[PDB]
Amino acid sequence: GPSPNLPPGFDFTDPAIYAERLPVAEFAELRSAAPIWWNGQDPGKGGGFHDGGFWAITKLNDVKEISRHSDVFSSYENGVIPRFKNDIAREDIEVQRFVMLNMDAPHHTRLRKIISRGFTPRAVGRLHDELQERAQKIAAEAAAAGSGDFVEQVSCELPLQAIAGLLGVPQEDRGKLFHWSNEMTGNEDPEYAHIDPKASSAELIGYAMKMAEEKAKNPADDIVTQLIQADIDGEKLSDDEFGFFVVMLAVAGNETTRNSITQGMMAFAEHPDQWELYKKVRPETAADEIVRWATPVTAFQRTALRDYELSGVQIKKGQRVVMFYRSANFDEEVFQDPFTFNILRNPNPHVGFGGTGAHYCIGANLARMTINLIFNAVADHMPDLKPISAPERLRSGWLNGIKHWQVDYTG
């Protein structure tokens, strides 16, 4: 049929778009008129990839099919981040293959099995009481300030305290850990143009290898002991593997959950009836609707290892496919009234945590618990908060970020 009604040269990974808005109408146009669509990229404008473009994947069922078929659609070949600075060196993309996220089987399979010791339901549930205490304090301290930046005073700290608590990081080191974590993303935004994620990664790995050495000497009530201890078949994280895991956690669990909190509260501000129902019932289904609505990871990519026919479209070996979770989470064929914010939506088969498959977010339930604890604390301590001014968005081609949002906690 006809081509989609998009501006000439539109690129759905363009950071200049996301600094201003989510391209919600453009995604809906692809879903209607071209659900799998070749997004061409001009020479030098591919965000670190130099292959002419990629396939835009806009439907939830296609996102799931790609995610299940990891034997064909590789994470390792080009990594899963679909946009960097246009001048990034290929070596700086390939160095990212040392984190589990950018590995294929069998290397990913081994690493995932070991790391799963650190994300058992018991390990995550063991954080519930401390994270609930920290959430209440964060909301109380924010409310006491009267007004301020909701992103910084409500959204930022609890995700970072969740990473620190999972890892057993001493309190005197958590300032350093949070700094390194915050220096890992956003470097295409002018506000963060001076951050040095390579230097931060190196500092994190060095810190993490020292922690691995020390925690072998004395096991503690952390997951670190379970990670670096050989099983019957001698499987464990080496010290440097633990380091690359910490680098991966510092990124994976920080600005993702943060942006679900900020955009969850933005949704509540825009849907007062849902906020009144939340305060009354406190339904934990709200966390999944908040993740669906916030879709903190706009997109991850894969690379075809062989020719593959997807929904009538011939994907060719070597081509990239970009899974736009932000489109799939509003797919009219899957969700009843996708553009209604409904905190009771159940079941909620969103792909905010990815499509079901080998790389499905291992921190999904830790993320949901963090969200539920902070929004209970917000409801307890600042039930009448009202926005002061519009959110400032993050210039990124794959992360859907809010840098700042002024709020009157008093109302």
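Take the two forms, find the largest set of C-alpha atoms that superpose within 1.5 Å, and that set is the rigid core. Counting begins at 1, following the sequence as shown.
S.K.: How do 260-268 and 112-120 compare in 9 other deposited structures of this protein: which one has C-alphas farther from this form after the rigid core is matched?
M.R.: It is 112-120 whose C-alphas lie farther from the shown form in 9 other deposited structures of this protein.
S.K.: Rigid core superposition, C-alpha RMS per stretch in 9 other deposited structures of this protein: which comes out larger, 180-188 or 271-279?
M.R.: Result of the core-fitted comparison in 9 other deposited structures of this protein: 180-188 deviates more.
S.K.: Tell me whether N254 is absent from the model in at least one third of the other entries compared, counting only those where the residues either side are present.
M.R.: No, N254 is modelled in every one of the other compared entries that cover both of its flanks.
S.K.: At a threshold of one third of the other compared entries, does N218 come out as unmodelled?
M.R.: Yes, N218 lacks coordinates in at least a third of the other entries compared.
S.K.: Taking only the CA atoms, which stretch has the higher mean B-factor in the record, 226-234 or 124-132?
M.R.: 226-234 has the higher mean C-alpha B-factor.
S.K.: Could you settle it for me: does 290-298 or 104-112 have the higher average Cα B factor in the PDB entry?
M.R.: Averaged over C-alpha atoms, the B-factors run higher in 104-112.
S.K.: Per the entry's Cα B factor values, which of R174, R320, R326, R83 stands out as the maximum?
M.R.: Within the set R174, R320, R326, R83, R174 shows the top C-alpha B-factor.
S.K.: Among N187, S155, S75, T256, where is the Cα B factor highest in this entry?
M.R.: Reading the PDB entry, the winner on C-alpha B-factor is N187.
S.K.: Looking at the temperature factor on the CA atom of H50, which third of the chain's modelled residues does it land in?
M.R.: Middle third, going by the recorded CA B-factors of the chain.
S.K.: Taking the chain's C-alpha temperature factors as the reference, tell me which third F150 falls into: lowest, middle or highest.
M.R.: Bottom third by C-alpha B-factor.
S.K.: Taking the entry's C-alpha B-factors for this chain, is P272 in the lowest, middle or highest third?
M.R.: Top third by C-alpha B-factor.
S.K.: Taking only the Cα B-factors deposited for this chain, tell me whether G9 sits in the lowest, middle or highest third.
M.R.: It belongs to the highest third of the chain when residues are ordered by C-alpha B-factor.
S.K.: Among the chain's modelled residues, which third holds the C-alpha B-factor of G264?
M.R.: For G264, whose C-alpha B-factor we compare with every modelled residue in the chain, the answer is the lowest third.
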